[PDB]
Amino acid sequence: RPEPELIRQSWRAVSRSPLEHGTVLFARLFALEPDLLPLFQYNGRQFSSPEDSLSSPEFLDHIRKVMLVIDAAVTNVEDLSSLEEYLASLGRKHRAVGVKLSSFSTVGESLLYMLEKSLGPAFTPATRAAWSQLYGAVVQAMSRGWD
């Protein structure tokens, strides 16, 4: 369904520097949902600022994890069904720590923003639709974990 090449070629722009792009995504995510900032708990305590967390090792490591899972959706775009069981367990893991499934819609909005910022006009209507469809499928798979 999602045109693989549109997904792959657009992803290569951000996958180059995952951490930098990941930050852009999370900055927009925290602006859309401030309530997420506290959900990051290290060996106790959290982050005073959106910006303070962007210094935490755990938090940066999480950026990387997020981008790796999006990378898996890209390398499995021609057969996302294979990822279903992994994403369901990932969904459960997030439910376990207090994240609401609805927050993953915000992540999607944030992902598109990150792509808009990086690609500009190269982020075409067709590319945008492909991403909405891909990410929508990822989140559908993850929703199996809220059981």
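We number the residues from 1 along the sequence you see.
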(request) Output the stretch having the higher mean C-alpha B factor in the entry; the candidates are 127-135 and 11-19. (result) 11-19
(request) Take the C-alpha B-factors listed in the entry for 102-110 and for 43-51, compute each mean, and give the stretch with the larger one. (result) 43-51
(message) In terms of recorded Cα temperature factor, pick the maximum from 32, 37, 63, 80.
(response) 80
(request) Taking the values exactly as deposited, rank residue 6 by C-alpha B-factor within its chain and report the matching third: lowest, middle or highest. (result) highest
(request) Ordered by C-alpha B-factor within the chain, which third holds residue 85? Give me lowest, middle or highest, please. (result) lowest
